[PDB]
Amino acid sequence: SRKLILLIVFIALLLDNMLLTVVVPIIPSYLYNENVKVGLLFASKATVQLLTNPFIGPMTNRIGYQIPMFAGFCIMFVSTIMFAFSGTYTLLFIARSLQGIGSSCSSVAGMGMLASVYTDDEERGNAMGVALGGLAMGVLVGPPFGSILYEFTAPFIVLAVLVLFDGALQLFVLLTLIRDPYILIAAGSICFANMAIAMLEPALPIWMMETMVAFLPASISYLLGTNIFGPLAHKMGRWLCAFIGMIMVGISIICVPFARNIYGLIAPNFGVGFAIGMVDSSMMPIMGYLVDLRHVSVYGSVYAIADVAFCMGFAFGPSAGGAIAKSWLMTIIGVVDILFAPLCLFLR
């Protein structure tokens, strides 16, 4: 009976990630400082998520999480269809903002409900690793499915008919500020670990073009690592797992950029994806453990902070891409990550 909530969270996360990733190959200018607006097109979702999550945080504790879940389903259902008839780019920006706030609400409600239903550490870790694996599956299957169905209304009909079953199942089933660094360390670690891939995402096509599917190895590694290295981390402490993951991602990021040939350039992305997935999966339940240590037993605000840290990198990663490219390696994030790694060496 308890696995129904996990299934609902899985479906919601997969749906949100699939909707997010389908926008990558198709652009409003493609279908017909322009690149600045193109970047803003996908930056708007992250910015509105960051702006909206903290305000909708405490409402979960004030009222509940099932009603926010139903509202997230409703807003997703009313927002997805609008992509079918798009007139102007500003309408696309508005649709992106609505989808972003809906995804934020759905994710926070799902994480809160999943944290509240299970009070056991290893089961909680397994459930959240399953959620992360579902996110990985969605981000992996988005682009190819969208690309193949673009040729064979048509681009989004499958999603429009898929949301219906999830909505029907969901319908049928029915202190703000912290000065403690013990959560801030995890927030910063996950923020930088996500900022690494956020910065790596747009820079690679520049090298590909100047040297004459890029994120597929990374997604494959993420999916094949998260679910397989999640549960085993409970056997021992979180020190070694997080430290090794941070060291691995730092080494991979430092070694990836320079490449004499491009055929083997995709191989380091496997290491990057494995490292980011391992770090995220290992670090996710530590916040819940700290909440259990804390007097407050409501996980809504801490998971809201976690999501804010998750989306901080997506907010303005590619904002300074051209300036960084014009600007000794162009990427130095690995050094920052490795020097910040020993901060989380000691844990309760």
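Each answer follows from the model by the rule given with it, or from the source it names; these are not laboratory values. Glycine also receives a Cβ, built like all others from the backbone with ideal geometry; neighbour counts cover every protein chain displayed.
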> Only one of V173, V249, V213, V272 is of a type outside the set (F, W, Y) and over 27 Å from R124 (Cβ atoms); which?
Replying inline: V213
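Condition check ((1) of a type outside the set (D, E); (2) under 16 Å from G313 (Cβ atoms)) across all residues:
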| site | (1), (2) |
| --- | --- |
| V139 | yes, yes |
| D166 | no, no |
| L174 | yes, no |
| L177 | yes, no |
| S219 | yes, no |
| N227 | yes, no |
> Restricting attention to segment 26-48, does a residue exist that is surrounded by 15 or more Cβ atoms within 10 Å (Cβ to Cβ), among the aliphatic types (A, V, I, L, M), under 15 Å from the mean Cα position of the chain (by Cα) and within 30 Å of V298 (Cα to Cα)?
Replying inline: yes
> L92 versus (1) in contact with a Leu (Cβ under 9 Å, 6 or more places away or on another chain); (2) not in a helix (DSSP H, G or I): which is the lone unmet condition?
Replying inline: (2)
> In the set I67, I81, which member is hydrophobic (A, V, I, L, M, F, W, C), over 18 Å from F156 (Cα atoms), out of contact with any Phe, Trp or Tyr (no Cβ under 6 Å at 6 or more places or on another chain) and surrounded by fewer than 15 Cβ atoms within 10 Å (Cβ to Cβ)?
Replying inline: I67
>> Consider segment 272-292. How many of its residues are within 20 Å of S219 (Cβ to Cβ) and either assigned by TED's automatic domain parsing to the domain that holds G112 or among the hydroxyl-bearing types (S, T, Y) (or both)?
In response: 2
>> Can you pull out every residue in segment 288-303 that is among the polar types (S, T, N, Q) and part of a helix (DSSP H, G or I)?
In response: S301
>> Suppose we filter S97, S104, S147, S79 for residues that are of a type in the set (S, T, Y), farther than 21 Å from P25 by Cα and assigned to a helix (DSSP H, G or I); which single one remains?
In response: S104
> Among the residues of segment 304-348, which ones are surrounded by fewer than 15 Cβ atoms within 10 Å (Cβ to Cβ) and not in a helix (DSSP H, G or I)?
Replying inline: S327, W328, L329, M330, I332, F346, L347, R348
> What helices (runs of 4 or more DSSP H) completely inside segment 1-73 contain at least 3 residues that are closer than 20 Å to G133 by Cβ and polar (S, T, N, Q)?
Replying inline: none
